[PDB]
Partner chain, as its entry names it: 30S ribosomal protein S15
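In structure tokens, one chain follows: the form deposited without its partner chain.
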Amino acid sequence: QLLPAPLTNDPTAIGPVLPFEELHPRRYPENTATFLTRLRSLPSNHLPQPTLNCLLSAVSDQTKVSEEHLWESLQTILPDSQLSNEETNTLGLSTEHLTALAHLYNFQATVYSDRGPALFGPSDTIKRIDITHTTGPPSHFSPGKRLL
């Protein structure tokens, strides 16, 4: 709820801090796209791929979109401060990045977490994907449903 200083300082973005779903309206599942962001305005700086890339690997497997294209797409929609920071370098990408990808590639994901399944991404979409998440630690995303 409080305004994050790196976001308001981020010169890749413009305008006010607002929930993702206010800036990028879609039919998101409740309480998944409420996270604060700003409109991304500057073109891509071509950030290196994240070291903890398992979310990209998982979505890539399920969509047949390369991890590079997924990552460049994230740089079209999110400010850089929300893509490369202490959290993403130590914990990886999150379900908030999944929501952003789901808007950018028009899919809804079922995430099979340790606490059960949950929907991420707009419902006004045709494509459906399955993602597995384990809390660990470390947090790990994998493609498909929880087997074994």
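Residue numbers count along the first chain shown, from 1.
Note that the form deposited with its partner chain bound isn't included here; everything after this is about it.
**Student:** Should the three residues 65, 70 and 84 be counted as contacting its partner chain in the deposited bound form, with contact defined as a heavy atom within 4.5 Å for each?
**Tutor:** Checking in the deposited bound form: none of 65, 70 and 84 is within 4.5 Å of its partner chain.
**Student:** Hey, in the deposited bound form, does residue 41 get a heavy atom within 4.5 angstroms of its partner chain?
**Tutor:** Residue 41: contacts its partner chain in the deposited bound form.
**Student:** With the cut-off set at 4.5 Å between non-hydrogen atoms, does residue 45 touch its partner chain in the deposited bound form?
**Tutor:** Contact check for residue 45: yes, within 4.5 Å of its partner chain in the deposited bound form.
**Student:** Between 4-18 and its partner chain in the deposited bound form, list the residues on our side with a heavy atom within 4.5 Å.
**Tutor:** Heavy-atom contacts to its partner chain in the deposited bound form: 8, 9, 10, 11, 13, 14, 15, 16, 18.
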